[PDB]
Each structure stands twice: as C-alpha cells, then as structure tokens.
Amino acid sequence: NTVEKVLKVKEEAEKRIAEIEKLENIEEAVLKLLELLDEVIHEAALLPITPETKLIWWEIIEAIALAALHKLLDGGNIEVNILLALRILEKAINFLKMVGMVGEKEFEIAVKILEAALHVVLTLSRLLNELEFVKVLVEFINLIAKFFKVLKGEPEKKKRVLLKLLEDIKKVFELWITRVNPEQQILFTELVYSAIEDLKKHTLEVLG
Amino acid sequence: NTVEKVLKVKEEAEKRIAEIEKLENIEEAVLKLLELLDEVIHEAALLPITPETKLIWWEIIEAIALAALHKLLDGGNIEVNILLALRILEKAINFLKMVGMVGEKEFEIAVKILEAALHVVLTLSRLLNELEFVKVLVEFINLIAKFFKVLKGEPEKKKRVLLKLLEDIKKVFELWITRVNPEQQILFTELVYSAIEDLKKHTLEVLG
Amino acid sequence: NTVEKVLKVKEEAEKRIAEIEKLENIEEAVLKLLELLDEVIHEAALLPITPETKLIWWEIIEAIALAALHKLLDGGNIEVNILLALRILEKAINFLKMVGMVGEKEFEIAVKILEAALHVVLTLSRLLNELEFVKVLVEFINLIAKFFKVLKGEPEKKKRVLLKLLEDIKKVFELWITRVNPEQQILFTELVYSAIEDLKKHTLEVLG
Amino acid sequence: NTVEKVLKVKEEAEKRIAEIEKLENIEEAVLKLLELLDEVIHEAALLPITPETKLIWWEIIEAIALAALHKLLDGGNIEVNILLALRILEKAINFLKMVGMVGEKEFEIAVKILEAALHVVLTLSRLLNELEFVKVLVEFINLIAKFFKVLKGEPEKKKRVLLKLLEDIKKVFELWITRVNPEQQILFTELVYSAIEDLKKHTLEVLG
Amino acid sequence: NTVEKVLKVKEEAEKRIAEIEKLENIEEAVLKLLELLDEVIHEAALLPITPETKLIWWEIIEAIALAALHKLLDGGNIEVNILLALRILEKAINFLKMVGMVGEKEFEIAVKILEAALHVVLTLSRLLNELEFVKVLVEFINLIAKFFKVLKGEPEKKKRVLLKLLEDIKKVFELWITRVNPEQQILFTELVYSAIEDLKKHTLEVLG
Ligand SMILES: [Zn+2]
Ligand SMILES: [Zn+2]
Ligand SMILES: [Zn+2]
Ligand SMILES: [Zn+2]
Ligand SMILES: [Zn+2]
Ligand SMILES: [Zn+2]
Ligand SMILES: [Zn+2]
Ligand SMILES: [Zn+2]
Ligand SMILES: [Zn+2]
Ligand SMILES: [Zn+2]
C-alpha cells in the first residue's frame, strides 16, 4: 500500500536524521540533511499524491527542514548559511507546488517552516555588512512574495501571517538602521519600505 | 487592412502579458517579456507605418516595457537587472528610430518609459558598490544623451524633461556620495558633474 | 524454458559484476561493464520478449547501469566520463525501444536509471569550463526529451518526473551561473531557459 | 617497544621547541610550531595508542600548543593570529577524536589547552571592529560546543568548566558592549545570549 | 646470491642518486630519478621476491621516491610537477601490487611515501586556479582510494592513516575555499564532501 511506503520513508528519514545529528561536524551535516530532503522529494514525486499521504509527507519535510535550519544556526560561514536557508525554503516551495491544494494543517506546517527560515536569516544577517544586509532583506521579501503567490488559503489568515512577518522584518531593520549615517538611512529606508509596499500589493491582489 | 492587424497584435500581446504575469517565476518572466517585445517589433517592421497605427504600436510597446521594468524590480541579480533595464531602453530607442516622426502622445509615452527605466535603475543601483554605482550612473547619462539625440520635439519640452531627469539623478547621487570618504568624494563629484554638463551641452545643441 | 535462460543470464551477469568490482582499476572496469551490458542486450534481442521476462531483463539492466554510473563517479577524465554516462543512458533508451510497452515497475526502474545518470552528469560537470558546461546541459536536456518521447506512461506521472528533473537542473545551473559575468549570464540564461521551455512543450504534447 | 619511541619523539619535540624559541622572528616561529605539531600527530597516528603512551602524547601536544599560543600573543596580524589559535584548537580536538577515551589527567590537559586558547582569543579580539569581534565570539562558542561534544567525562566537571568559560566570555562581552550605541547593544546582546543558551542546551544534552 | 644482487642494486642506486643530486638542473634531475626508479623496478621484476629482499627493495624505492618528490618541490611547472608526483605514487602502487603481502615495516614505508606525495601535491596546488585545484583534489582522493584498495593491513591502522590524510586535505581545502564566492563555495563543498564520503565508504568496506 502507498501509506505503508510513506511511513517506511518516514522511519528511514528519522533514522538518518539521528545518524546525522550524531556527526559532530556541522558543515558536513547540513549537506547530508539537504541530500536527505532531495531523496525524500524524489520518492514523493515517484508515487501519486493522495489526501491521506499529504500530511505524512509534510511531517517528513518539516522534520528535515527544521533540523537543517537549526544546524545552520550552529556554525559556518554567514553568507553560505543564509544562501542555504533560502535554498531550503525554495525546496519547500517547490514541494508546495508539486502537492497542489493544501488544507489547514499543511498551511500551518508551511507557515512554521517559513517563520523558522525567517528567524534564522535575520539572526545570521545581524552580522553582515550594510549592502549585504539590505540585499538579503530584499531577497527574502521577494521570496515571501513567491511563497504567498504559490500557497493558497483564506485571505484573512494569509493577511495575518504576512503582517506578523512584516513586523519581524521591520523590528530587525529599525534596530539595524541606526548605524549607517543619516543619508544612507534615508536611501535604505526608501528602498526597504517600497519593497514592503510592493509585497503588500502583490499578496493582496493574490488574495482577491 | 493594417489597423485590424495591429489591433489583433495588441490583443495577442495583452493575452501573452497575462500569461506571463501568471508564471510565478520572475527570472523566466522578464525573458519572456523581452521575447514578446522582440516579436512585436518584428511585426511592426513587417508592415509599413502610418499615422493611425503609430499610437497603437506605442501603446503595445509601452505596456510590454512597463510590465518588464516592474518585473525587474521584483527580484533577481542586481547587475543583470540593470543591464536588462538598459536593454529595454535601447529597444525602445531603436523602435523610435524605426518610427521616425513622433507627435505629442508618442513623446509622452516615450518620456514615461524613460522615467520608469530611470527610477528602476536608481532603485537597483542603491545596492551596488562604489565603482559599479558610478559606472551605472555614467552609462545611463550617456543613454539619456542618445535618447534625446534620436527623439525629436519642441526644445522647451525636452529641456524641462531633461531638467527633471537631472534632478532625479542629482538627488540620488547627493544622498549616495556621503559614504565614500572626502577624496573619493571630490573624484566622483568632478566626474559626474562633468558628465552632466556634457549631457546638457549635447542636448542643447540638439535642440537647435 | 525462456525464464530459466533469463535467470541464468542474470546469475552470470551478477558474477561478472562481482569480478569487475574486484578489478582495482576503474578505467578498465567501466569498459568491461559496458561490454557486459552489450552482451546482455544481444542476449535479450536473441530471445522473444514476454511480460514475465521483462521485469528480469530490467533488473539486469538496472544493476549493470547503476554499477557503471557509480564507477564513472570513481575517477578518470571528466569529459570521457560524461560521454560514457550519456552512452549508458542511450543504451537504456534503445532497450526501452526494443521492449516496447512498459508497466509501473519498469517505469520506476527507467526513471531511476535516468535520475542516477543526471546526478552523475551534474556532479562531473561542476568541474568543466563555461562553454563545456552549457553544452553538456543542453545535450542532456535533448536526451531527456528523447527519453520521454520513447517512454510511454500516464501524463501526470511523467509531468511530475519532468518537473523534478527540471528543478534539479535549475538548482545546479543557478548555483553555477554566478561566476560568468553579467553579460554571459544573460546569454546563457536565455539559451538554457529556451531549451527548458522547448522541452516542456515537446513533453507535454507527447503526454496528450 | 612503543614507549621508548614516544620518549624519543618527546626529546626531539623539546629540542625543536628550544630551536624555534631561539628564532627571533615570531611569524616564522608559529608556522614552525604548527609544522612540528603536525609531525607529532602524524607520528602518533603511525603507531597504535595504548593507555601508558596517551599521557606522554598529551604532554608533548600540550607543550607545543601552549608555546604556539603564547607566540601568537607576541605580535603579528590580529585576524591571522585569531585564525591560527582556532586551528591549533581544532588540531587538539582532532587528536582528542583519534585518541578516544580520555582520563582525568588528559581531561585536565585538554581543558588547559582550551582555556589558554580562549584567553588568547579574547585578548586579541579586544582590538577588532564590532562585526569582526561578534563574529569571533560566535565562532568560538561553536568551537566550544564541538570540543565538548567530542570530549567525554563526568557531567558535573564539564558543567563547571562550561560555566567558567561562559563567565570569561560574558565578562569580556559586557565590558566591550558599552561602545556600540543602545540599538546595536540590543541586537548583539540578543544574538550572543541566544548563542550561549544554545551552547548550554547542547552541552547539557550531551552530558545526559 | 639474490641478497648480494639486491645490495648491489642498492649501492649503484645510491651512487646514481648522488650523481643526480649534483646535476644543478632540476628539470633533468626529476626525469633521471624517474628513469632510475624504472630501472630498479625492472630489476626487481627480474628476480623472484623473498621476505628478506622485500625490505631492501622497499628502502631503495623509498629513497628514490623521496628524492624525486623533494626535487619536484624545487622548481618547474606546477601542473607538470603535480602530474609527476601522481606518477611516482602510481609506480609505488604498481610495485605494491607486484610485491604482494606487506608487513609492518613495508606498511610504514608506503604510508610515508603516500604522505610525502600528498604534502607535495597540496603545496603545489596552492598556486592553481579554482577548477584545476578542485580537479587535483578529486584526482588525489581517487588515488588514495586505489592505494588503500591495493595495500593490505589491519583495519584500525588503515583507518587512522585515512583519517589523518582526510584531516590534511580538509585543512587545505577549508583554508582555500574562502576565495571562491558563496555559490561556488556551496558547489565545491558538495562535490568534495561527497568524494570524501565515498572514499570513506570504499576503504571501510575494504577493511571488513
Ligand atoms: Zn544549535
Ligand atoms: Zn515572529
Ligand atoms: Zn513587484
Ligand atoms: Zn522623477
Ligand atoms: Zn565510488
Ligand atoms: Zn535530485
Ligand atoms: Zn610573549
Ligand atoms: Zn579563566
Ligand atoms: Zn629543495
Ligand atoms: Zn600532514
């Protein structure tokens, strides 16, 4: 049966997650987690999707992704780690496209993954240069736009989630901007606020 | 009749624009929009131009170009996006050459395209390095000189448009220069101001 | 009986695979595996195909091909190894042609062989020059088009497999393109995206 | 017998240490000490480890490491010296991995090396910029996590050592933070306290 | 007697080594040393091997190989020198094959030759381009796999030697990777780490 295959995949994935967790070397652990995500998504693509297996696939993806993000917080190069976080998010979005329609549980899981990735990215970007920080900010805003355009749901819930993410981003940016001299302050504030407003317009038209 | 052909081209172009707008991947969307612009210009070159069809052709070009520029604001690599904006402007200038004489409506449309490209370029160049920023500035000033050399119109209107563009450039540059140490400040100020003065001279002699 | 002959061939092939695995020199090992594959295909052509023997033939082909691909990862010249991987894929496609109609198990085996070849090719192509890398990419996209044109199955499964392969290719290409200067970036991006869209068109029309 | 070989190695290492101490140029001395450490570790890996030779190997490694760290305090480029301290610590951790089980004396020696490296790193990082200082802090916290993950011992002793190291780090950080403006203060305090809490969690789970 | 012949070979080999050492031109000296190695191996193949003569043959091979490697460090073309180091290693491996069973002294000599070749290769590859450096790394990892597959010994000693070699390679690679932009960083890290994991799997299966 298909469900039996999915739970076998889940068991093997948890075993591999424990094995990687016992690897004592963070740089070679995140790559193994990414390869595990790739294998899981390949297996998911092999078999046809059904409502009962969607939740199990989402739990597998959520476990692997959260483990990988926390490992990204545990040492390495900052820019490489930010790139890896964005790539994990992109793989999640591709799986979202493949799985099609989602329910409330899948919506919650996807929002959890997005929120964890956002927190990791903000924590890591606190240590970048000015141009790199603002570039990472703009890139993540565009990624949020893509994620909300692919993911479907009731407009009110998506609006609330978007507001929460924007408040997180704004808090970090308003703390960070005080170090960049009053003219670069104006430049970066205009750029970031325009990006946020364009994001709001895009997702609000998506809601309609 | 030529007019029905041009309106059919317009209908097809709007249909393709909607299709591209629903493509969820920005990097593949700008390239498709540029390809659509190329096909539209090839069709325009195929049939001979008349006063009635000029306006319709300009609306098609305006729609495609504005969509492409806004998509350029929506994610990608900064330098590639700036190059693509300059490419869209150059295609518009080549179409202006092909058309020949331009009236008031066509002048207004072309000025709008130029202003949109300038705003996109400034917004994106805010995130570049020093040398790359100044190189982009000089390149866009030269592009403005070429655009005003090709385009014909009343000297006072062109003077007002040129002054507005120069004020935009000067505002962005005067905000940006405060971050580059007082000697590089003198170097870049000399270079940029000389470029602007040469642009003024060239366009004022173009007025004739 | 025919089935007895097929299992005799299978046993001989496994014995030869073990012998080659104990050969300690990779360049001679891949060629010996290719010769074994040729012998197996000749034997398959000699006997008439039946539904029960199709699975056994596919298992033999799968074992030999996966062993040869993993050996291709284990040392040699990069370009020769890429060519050998493509040759193994082409031999599998020719066997697919000779066999004809396939079930779900044969579909899974063929997709697994294709994915193993794709991963080997991407890994080996990371070390090529710009032009060679893009040439290998385009050649493999055309090979994927041929493979999907020859292989028959339900449109949804083929669409999912194609999407997964395209995501893999886009992953590697988007990591690689950041080293080739913002103008070659535009050139290669246009070329590769046009190739991918043409592949999508061909495959989707094949599905219908 | 292995033992007399190990004391030969010890005699040669001490002779080379004296020779390097008489070299009057600090940049060439740290590199020579690192080469000597590499040679000693190669010799150690050559022969199989025994309980009696473990102590002698640890005394040799402790002598070389302490000499190299003190030489790192005696002049050079700050960032290169911090990097070299981290690499000495990483070599000690790799030797910990190779040896395996560690007794009380080896535990004391390893903690001595770790504490010396920490004090050197804090002293040198006192002269860095804000971003570089906080990056070095986070890197060393992750290195402490790796060191405690590899090294085994009674939970209470490891807890006490961890508390001592954290008090050292916190004292230096609380002195340093008063110079970075009240908003960057909040940013860096959040980041550093989160890193310390993660370190505590990881180590305490390792103890269990 | 055979032993007398072997010591005659040794005496003339040392005489030739001194003559070559007095040659003042390194390019002609490495080729002469390689020719001397070829002559020695031909002589060794001429007479049948015995337990007593194996050690003497290994001392001759070790002397010639170490002299040739150090000369490779003393000037020439970087790529040609790396190739020549690999050829010296391959000749040593072929001699290992022809000799057969290996004791502890021969194991020690072979490991020393391998380590000398590895250090020469790392030192010379420090000055290559990105693609050439990674290609040399992958080639040497495959050569290490071949060497450990041909050479026989107790699993623990081979495991320790392999771990030391991997730490050497990782040290050089982690110093080098910081210059290649964060996306090529991910690409090369995935490639190299996968190669190292495959090497570990291969030799650990060989140990069993
Ligand atoms: Zn952690
Ligand atoms: Zn939040
Ligand atoms: Zn937008
Ligand atoms: Zn304006
Ligand atoms: Zn292998
Ligand atoms: Zn894949
Ligand atoms: Zn001192
Ligand atoms: Zn202390
Ligand atoms: Zn020399
Ligand atoms: Zn070494």
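In this analysis, Cβ positions are derived from the backbone assuming ideal geometry, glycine residues included, and neighbour counts consider all displayed protein chains. Laboratory data are not the source of any read-out in this text; all were calculated from the coordinates shown.
Under unit Cβ charges (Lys, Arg +1; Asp, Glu -1), what dipole magnitude, rounded to 20 debye, does chain A have relative to its Cα centre? Each step should come with its number before you reach the end.
Working: 29 positive and 36 negative charges, 116 e Å.
For this selection, approximately 560 debye.
Out of all Cα-Cα pairs in the range A:135-208, roughly what percent, to the nearest whole number, are more than 16 Å apart?
Counting every Cα pair in the range A:135-208, those more than 16 Å apart make up 49 percent.
Rg to Rh for the protein assembly as shown: what is it, with Cα atoms only and Rh by Kirkwood?
My calculation of the ratio gives 1.00.
Where a Cα-Cα gap under 15 Å defines reach, which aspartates and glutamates qualify for residue C:149, not counting those fewer than 8 residues away within the same chain?
Once the sequence-local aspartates and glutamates are set aside, what remains near residue C:149 is C:90, C:198, C:205.
Would you mind pulling out the separation of the Cα centroids of the range D:131-208 and the range A:148-208, in Å?
32 Å
At 7 Å along the Cα-to-beta-carbon direction for both residue A:59 and residue C:130, put a label point, then send me their distance in nm to one decimal.
Here the answer is 5.0 nm between the modelled labels.
Evaluate the charge dipole of the range B:114-154 about its Cα centre and quote only its size in Debye, nearest 20, assuming +1 on the Cβ of each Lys and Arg and -1 on the Cβ of each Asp and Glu.
In total the dipole reaches around 140 debye.
Averaged over every viewing direction, what's the projected area of the C-alpha convex hull for the range E:46-160? Give it in nm², one decimal, please.
Average projection, Cα convex hull of the range E:46-160: 7.5 nm².
Kindly state, as a whole number, the per residue volume in cubic angstrom of the convex hull around the alpha carbon atoms of the range C:17-113.
89 Å³
Of E:193, D:20, D:65, whose Cα points farthest to the positive end of the dipole of the protein assembly as shown (charges on the beta-carbon: +1 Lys, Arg; -1 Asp, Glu; origin at the Cα centre)?
So the residue we want is E:193.
Under unit Cβ charges (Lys, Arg +1; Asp, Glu -1), what dipole magnitude, rounded to 20 debye, does the protein assembly as shown have relative to its Cα centre?
1800 debye
Any idea what the relative contact order of chain B is, in percent, if you count C-alpha pairs under 8 Å spaced at least 6 apart?
Working: 139 pairs, mean separation 40.7, N = 208.
Contact order relative to length: 20 percent.
Which pairs in the list C:22/C:170; D:32/E:71; E:15/E:97; A:32/D:200; D:157/E:157 are over 29 Å apart, alpha-carbon to alpha-carbon? Don't skip to the end; give the middle numbers.
Values: C:22/C:170 37 Å; D:32/E:71 21 Å; E:15/E:97 27 Å; A:32/D:200 25 Å; D:157/E:157 33 Å.
C:22/C:170; D:157/E:157, as the Cα separations exceed 29 Å there.
Note down the Stokes-Einstein diffusion coefficient of chain B in µm²/s, whole number, using a Kirkwood radius over alpha carbon pairs, 10 °C, and 1.306 mPa s.
Calculated translational D: 87 µm²/s.
If each label sits 7 angstrom from Cα along the C-beta direction, how far apart, in nm, is residue C:155 from its counterparts in the other copies?
In ascending order, 3.3, 5.5, 6.1, 6.6 nm.
Please work out the C-alpha center-to-center distance from the range D:1-77 to the range E:74-114 and express it in whole Å.
Measuring centre to centre over Cα atoms gives 27 Å.
Tell me the distances, shortest first, between residue A:112 and the same position across the other copies, using label points 7 Å along Cα→Cβ, in nm to one decimal.
Shortest to longest, the spacings are 3.2, 4.9, 4.9, 5.9 nm.
Where the label is 7 Å out from Cα toward Cβ, how close does residue B:179 come to the same position in every other copy, in nm, shortest first?
Residue B:179 label point versus its equivalents elsewhere: 1.4, 2.4, 2.8, 2.9 nm.
log₁₀ I(q)/I(0) of the range C:87-139 at q = 0.13 Å⁻¹, via Debye over equal Cα point scatterers, no solvent, to two decimals?
-0.41
Over the residues of the range C:6-72, compute the C-alpha Rg and express it relative to 2.2 N^0.38 Å.
Working it through for the range C:6-72, the quotient is 1.11.
Run the numbers for residue D:152 and residue D:47: contour at 0.36 nm per residue of separation, minus the present Cα-Cα distance, in nm.
Using 0.36 nm per residue and subtracting the Cα-Cα distance, I get 35.5 nm.
Over all distinct alpha-carbon pairs, what is the Kirkwood Rh of the range C:35-86 in angstrom?
Computed over Cα pairs of the range C:35-86, the Kirkwood hydrodynamic radius comes out at 12.4 Å.
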